[PDB]
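Each remark here refers to the structure printed beneath this line.
Using ideal geometry, Cβ is built from the backbone for each residue, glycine included, and neighbour counts are taken over all protein chains shown. No value in this document is a laboratory result; all are computed from the given coordinates.
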Amino acid sequence: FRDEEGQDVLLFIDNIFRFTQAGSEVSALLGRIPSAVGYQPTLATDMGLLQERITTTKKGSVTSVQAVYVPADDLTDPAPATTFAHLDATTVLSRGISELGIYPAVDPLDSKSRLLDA
Amino acid sequence: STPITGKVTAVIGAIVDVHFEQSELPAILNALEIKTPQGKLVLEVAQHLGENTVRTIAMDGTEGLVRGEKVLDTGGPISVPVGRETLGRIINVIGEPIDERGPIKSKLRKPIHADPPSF
Amino acid sequence: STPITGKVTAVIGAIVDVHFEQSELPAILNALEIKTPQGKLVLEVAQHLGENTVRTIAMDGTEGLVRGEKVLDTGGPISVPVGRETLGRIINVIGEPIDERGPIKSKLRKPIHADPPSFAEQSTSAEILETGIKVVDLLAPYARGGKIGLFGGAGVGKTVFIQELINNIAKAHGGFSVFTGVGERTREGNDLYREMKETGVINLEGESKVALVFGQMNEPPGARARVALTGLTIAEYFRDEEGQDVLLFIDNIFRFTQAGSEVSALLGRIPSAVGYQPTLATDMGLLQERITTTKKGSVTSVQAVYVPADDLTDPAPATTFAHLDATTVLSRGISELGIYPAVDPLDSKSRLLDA
Amino acid sequence: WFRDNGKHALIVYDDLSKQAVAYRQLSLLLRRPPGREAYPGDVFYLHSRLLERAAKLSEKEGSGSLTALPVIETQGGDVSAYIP
Amino acid sequence: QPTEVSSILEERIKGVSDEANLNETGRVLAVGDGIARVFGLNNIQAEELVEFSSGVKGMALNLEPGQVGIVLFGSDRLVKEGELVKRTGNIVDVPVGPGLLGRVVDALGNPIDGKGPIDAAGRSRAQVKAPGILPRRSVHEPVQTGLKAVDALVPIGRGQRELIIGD
Amino acid sequence: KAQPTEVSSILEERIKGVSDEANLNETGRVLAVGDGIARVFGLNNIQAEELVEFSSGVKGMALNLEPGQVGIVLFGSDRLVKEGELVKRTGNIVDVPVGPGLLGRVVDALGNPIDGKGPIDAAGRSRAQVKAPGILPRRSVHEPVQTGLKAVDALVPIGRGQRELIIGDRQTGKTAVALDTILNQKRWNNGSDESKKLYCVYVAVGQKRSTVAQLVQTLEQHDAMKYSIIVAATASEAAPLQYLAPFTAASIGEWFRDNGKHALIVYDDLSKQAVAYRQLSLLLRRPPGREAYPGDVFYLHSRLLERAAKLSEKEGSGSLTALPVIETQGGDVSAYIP
Amino acid sequence: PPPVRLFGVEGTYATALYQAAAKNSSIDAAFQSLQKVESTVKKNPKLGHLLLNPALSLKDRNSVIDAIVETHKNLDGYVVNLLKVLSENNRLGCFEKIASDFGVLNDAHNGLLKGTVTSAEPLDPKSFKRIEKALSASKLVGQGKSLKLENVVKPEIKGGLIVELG
Ligand SMILES: [Mg+2]
């Protein structure tokens, strides 16, 4: 849609983390030594290979929104932690603020974007 | 009858590997005996390793076990004396009394491996 | 005689596998010689892999190595030049002087792997080492032959404290000290060498009171794990020949621990801890048992100790603390404000502080 | 090249934790023995080799300098992790 | 049990047992996840660049006696089992010089900005030994970062290796 | 027909004793010296836990038995053993010289003297791994052992045959209390009453040759180097030595226990022996287990301690008092080994 | 395209030898030479299977592999290459031999000792495995009948067990 049609695209991927989860899933049986937190060794590699193809080129723009599931509400998990660097605008939804009744659940602190410039 | 003689091939800590001939393989959890100088050593068949080799668990210390030692198959799992005779007696894993009050005159020796009574 | 030769079969990073002929298989911890265009790389023998192939740990970088390259056996462990000729010289893990000041014309060259003095040779009674520093030998007296832990850092005068210890031990006693920098940064090491040149600790044209046998960080794992042994063997020769109260410095004992972890936990073995080697207590004992008091002399270790995550219960600081005799804490702020020698009078404890 | 030619040069390695992750990927895919957080045994050796090349040379070598600015991304402020 | 299983793990799987001559060239046995295990290359050096039949580059880390492990610089799709592999003859190197100023390059010095070829004064190996203790000077010149806090309380000097640690 | 005979004759040559003399039945050949455990081929007649000789003065114990090879753990530095070296069995289970001749003597983990005071007069050779006495031979502890500490004698009293733990963090006594106990045993050890005399033994796993040297000197100063035996497993000595030393001293004390005498044994820093066995285990490629320790570390400590008990009057009324020492982290009793 | 799969794991050598033979010729000649090798091995037991131990240097393995080379070069075809590559690899050489005979048996003879309930050994030498197994079973039940140790019919005990248990 972006390149051939030359149209603006909104690629909505809901919980992109399932891709890395499936990669780590098949890696164990693929004769691959598991990485930290029992992930695939190549997690950054294939995940970046996926993420970079989502980008705005000179032929079109892709306004992609990707949800990321953090295991155990742990923001230091390798998959989301490495996914952070592949993302322009970041919206972190923590369980703590949701527990206070704020249904959007977006933790205002780590929810940061590059556009936040004067 | 015809004794089932096995040869020790591996002694891994408390686990002993026994090799048999064709069609003399003891089943899983069968009791196997070796005539050690200190008495008798009981082996419970934990796994079948193939090629007529069984992986067994030792009921007593494995010191003094030489590879190739004769292994006798009891024909079934470990049998412990049962009944009111065993009352007041001290018994180890094997089933022999360790209370030094003579052998237990039990009429039956039920196997230690039994299925649950289901529903 | 005919030199024992071998061929390189595998090069897994810093791990090099060498195949020899029958009856020509070297014992482990031996030094294997290969001629490289860049320089003189040697390999220390690790566990035998069978089929007449030995796994080895590279003492230097492995770039350029070709499978089947000729490997020469030295017939024994790594041998470092030892004696007064090494004083004032900078020695790497392999014994080569990297100070480009010329070959070390030492009449003896002892292996870095030596069995520590037997129980009979051990000193029956613990003795105090007179370091000539008032704050040191009153609250945390230094154990003669003990393994003193220096808990300082940067900006607390650790380097000047080490130099003063060298000068005092060489003045009060023979005290031909030796500085062993495990995993030196090649900038702190250069700075330290420059300061000892400025002071009387190192005097190139005349006599020097210390030997800077240290290993840079850019060396492979095992090199940092054996520079300690090289300096240890130098101190051992000084103790067992001149009968001196030798003083040995380890720049960072935890760096030795982590180097031993990288060579002997992640290059063929299985970790048994937070990530250090399963043999952590074992190689710690090999290193620091050769530091003791014998009938002739005594080598005293002043090893700077770094505590990961400030965790005193950490198994590597637990092993190091399992034998430290006296500890010196060059505290940041509370002591250096005012008092120049620092040495926190309260946290500096000693096991010999008894009647 | 700048350092050995008498020129003073700054270098920002930036993320080396991601470089460490890539090296870990290579090591596990090469059946090398893993370690802390599955990292390779010589990843500290790797970082040491990388960082030691940046230094200030003496006047005899042209007085050039190479200033390194490595960047490590900590996970939740955990500076006690292996690569950090 | 007089005889136990002869083979447990085998690295050499070829059965012709003749005409090997794989000194400067090799053949892929297993390729996957960016790793191409290649039989042969008896004269390959450690982390030396190697060429595949598909044209993708690779540099060999693991040097097992039977096979040599090459990590692929590109997609593993182009590499297939049995593909011919030939040595480059040199360690990984990069074009270096003043022409790289104002240019964006990849991990091998290839210009990725599309501004033209890189003017190379020379080529230096990526893996080169760091300067020794003696060819160094104490850090004295300042690296003025322009940050008040950084330049005031944690100064950076020429030749230093200051770490920008943080979340 | 003659060509096969000549082939056989020349085949028996160039191979040495692998299939020509002794057939590697009593002898053998090293396959590969592992991380700390040498994979040894041959030794067809070897048994489990059998002491072996590596022809270089290094002892070995058979923990790994396979139908093709036998894995031997190295009692010492693995440098002295090479691949393909000649290895022969000692013909017996791992044994320890025991008797009253070890009184006033310090030995290694295998009973070899280390003080250089001549050979040891041993009444017998007790196996390192001896099954603990059963229910009947044991008797409820009733005789007292006086340590000399008011806080330990009056409160938390220890009796002969009791296994009493000493827990400390780094330097909070631990071996100190054992020393006051050892010196207090001198009050009755000088007497002629065998029942009240306590022939103590000491274990020094993970400790320094210097610390044990000072310990022996202090014992000699207080005239305690006459009824006390010290087994030294220095941190320099290999992990198998640190593993064996507690069992060595257990056999030493069990000699007194079986012969009607009363003995006390101090397993000093059993945590160091635990880490030594941990090192040995993951050198055997054993599972890391629970909190880095092998799953049988509890079995190790339990079979080690159970040998210390108060025997009944039928078995000579002997006793073996155990004083194990655990070095903890931050005064923690909730760690695995404690 | 070998007739039967050994699935590797110590069986790759037999498949490699069979492929090398099927490339040009000597499906049989190499095989009777290999059978002669095995016969010579069993002829001297202490000298024919003790020598196949892993604890043996490459030079002495080579000396042994020349030792089996005897009796007017009965070693023919690619068998010599198999011994040469086994000298530098896994040494002992019996199961891959059995795998070789089993592979050639499937290639040219196609026999198997089935019978389900019958505990017999009706080996059949024929590639068309449709009806000749019945003839083999009839011959086996006719003549021979040496042991016939059926070890209790399984259908009877199975049916009884499901009947009592419901
Ligand atoms: Mg103590």
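What you get for the stretch A:5-94, charging only the Cβ of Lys and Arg (+1) and of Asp and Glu (-1), is a dipole of about 280 debye around the Cα centre.
The H on the amide N of B:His48, modeled in the peptide plane, is under 5 Å from the matching H of B:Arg55, each at least 5 residues off or on a different chain.
Basic side chains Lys and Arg get +1 at the Cβ, acidic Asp and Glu get -1 at the Cβ, and with that the dipole of chain C about its Cα centre reaches some 360 debye. Which residues in the stretch G:1-31 place their backbone N less than 20 Å from a point set 7 Å from the Cα of G:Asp76 along the Cα-to-Cβ direction? Taking a point 7 Å out along Cα→Cβ of G:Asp76, the residues of the stretch G:1-31 whose backbone N falls under 20 Å are G:17-31. For a modelled paramagnetic label at F:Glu13, 7 Å from Cα along Cα-to-Cβ, the residues of the stretch G:61-81 in reach, with backbone nitrogen under 19 Å, are G:61-71.
If packing is taken as the average number of other Cβ atoms within 10 Å across a peptide's residues, how do E:9-15, F:218-224 rank, most packed first? Write out the running numbers ahead of the final one.
On the way: E:9-15: 13.6, F:218-224: 15.7.
Going by the mean number of other Cβ atoms within 10 Å, highest first, we get F:218-224, E:9-15.
Please compute the alpha carbon radius of gyration of the stretch G:80-166, then divide it by the globular-protein estimate 2.2 N^0.38 Å. Two decimals is fine. Let's see the in-between values first.
Numbers: Rg = 20.1 Å, N = 87, 2.2 N^0.38 = 12.0 Å.
After normalising by residue count via 2.2 N^0.38 Å, the value is 1.67.
Volume per residue for chain E equals 270 cubic angstrom (convex hull of Cα atoms). Placing unit charges on each Cβ (+1 for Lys and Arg, -1 for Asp and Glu) gives chain A a dipole about its Cα centre, and among A:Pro78, A:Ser113, A:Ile54 the Cα reaching farthest toward its positive end belongs to A:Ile54. Between G:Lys43 and C:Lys296, the FRET efficiency from the beta-carbon distance, with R0 = 56 Å, is close to 0.25. With the simple model of a label 7 Å out from the Cα in the direction of the Cβ, A:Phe84 to E:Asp76 spans 2.9 nm. The angle between the Cα long axis of helix C:158-172 and the main principal axis of chain C comes to about 80°, on a 0 to 90 degree scale. Helix G:132-142 axis versus longest C-alpha principal axis of chain G: approximately 70°, rounded to the nearest ten.
Note down the relative contact order for chain A as a percent, whole number, built from C-alpha pairs under 8 angstrom at least six residues apart.
Details: 149 pairs, mean separation 29.7, N = 118.
Value for chain A: 25 percent.
Per residue, the convex hull spanned by the Cα atoms of chain C amounts to 146 cubic angstrom. Computed from label points 7 Å out along Cα-Cβ, the spacing between D:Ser63 and G:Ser127 is 8.9 nm. The angle between the Cα long axis of helix D:17-29 and the main principal axis of chain D comes to about 50°, on a 0 to 90 degree scale. Label positions at G:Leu135 and A:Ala67, each projected 7 Å from the Cα along the C-beta direction, are separated by 7.0 nm.
What 222 nm value per residue comes from the helices of chain F, counting each DSSP H run with n ≥ 4 as -39,500 (n - 2.57) and dividing by all residues, nearest 500 deg cm²/dmol? That calculation yields -7500 deg cm²/dmol at 222 nm. Each of E:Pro111, F:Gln279, C:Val93 was scored by the projection of its Cα onto the charge dipole of the protein assembly as shown, and the greatest displacement toward the positive side belongs to F:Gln279; charges sit on the C-beta of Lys, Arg, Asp and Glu.
When you look at the Cβ of every residue in G:79-85, what mean number of other chain Cβ atoms sits within 10 Å? Let's see the in-between values first.
Numbers: counts 0, 1, 4, 2, 0, 2, 4.
For this peptide, the per-residue mean of nearby foreign Cβ atoms is 2.
Considering the protein assembly as shown, its Cα convex hull presents a mean projected area of 65.8 nm². Per-residue mean of foreign Cβ neighbours for E:42-48 is 6 (Cβ atoms of other chains, 10 Å radius). For chain G, the alpha-carbon coordinates run over 67, 36, 31 Å along the three principal axes, in decreasing order.
Given charges of +1 on the Cβ of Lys and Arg and -1 on the Cβ of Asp and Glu, with all other atoms neutral, how large is the dipole of the stretch G:7-137 about its Cα centre, in debye to the nearest 20? Let's see the in-between values first.
On the way: 16 positive and 14 negative charges, 19 e Å.
Charge dipole, the stretch G:7-137, about its Cα centre: 100 debye, nearest 20.
Within chain A, the ratio Rg/Rh, alpha carbon atoms throughout and Rh by Kirkwood, equals 1.02.
Projecting the Cα atoms of C:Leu150, C:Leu41, C:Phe179 onto the charge dipole of chain C, computed from C-beta unit charges around the Cα centre, puts C:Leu41 farthest toward the positive end. Couplings 3J(HN,Hα) of the stretch G:73-83, computed from phi: 6, 4, 4, 9, x, 8, 4, 4, 5, 5, 5 Hz, in residue order, whole Hz [Karplus 6.51 cos²θ - 1.76 cosθ + 1.60, θ = phi - 60°; x for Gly and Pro]. Equivalent ellipsoid of the stretch F:81-185: semi-axes from √(5λ) of the C-alpha gyration tensor, largest first, are 34, 20, 16 Å.
Placing a label point 7 Å from the Cα of A:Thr91 along the Cα-to-Cβ direction, no residue of the stretch A:24-56 has a backbone N closer than 13 Å. Other protein chain C-beta atoms within 10 Å of residue C-beta, averaged over D:62-75: 6. Which of rounded, prolate, oblate describes chain F, given a ≥ b ≥ c as roots of the alpha-carbon gyration tensor eigenvalues and a/c under 1.5 marking rounded, otherwise prolate only if a/b is larger than b/c? Prolate shape, in that a/c is at least 1.5 and a/b is the bigger ratio.
If all Cα-Cα distances of chain D are sorted into 10 Å bins from 0 onward, what percent lands in each bin, rounded to whole numbers? Calculated P(r), rounded to whole percents: 17, 38, 26, 16, 3. Amide hydrogen proximity for F:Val231: with H placed 1.01 Å from N in the peptide plane, the residues at 5 or more positions away or on another chain lying under 5 Å are F:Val107, F:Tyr202, F:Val203, F:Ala204.
Distant-in-sequence amide contacts of C:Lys110, defined by a placed amide H-H separation under 5 Å and a gap of 5 or more residues or a different chain, comprise C:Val80, C:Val82. Mean projection of the Cα convex hull over all viewing directions, computed for the stretch C:219-355: 10.4 nm². Applying the Karplus relation 6.51 cos²θ - 1.76 cosθ + 1.60 with θ = phi - 60° to the stretch C:23-40 yields 3J(HN,Hα) values of 6, 9, 6, x, 5, 6, 6, 6, 9, 10, 9, 9, 8, 10, x, 5, x, 10 Hz, where x marks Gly and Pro. Once C-alpha pairs closer than 8 Å and six or more residues apart are averaged by separation and normalised to the residue number of chain C, the relative contact order reads 19 percent.
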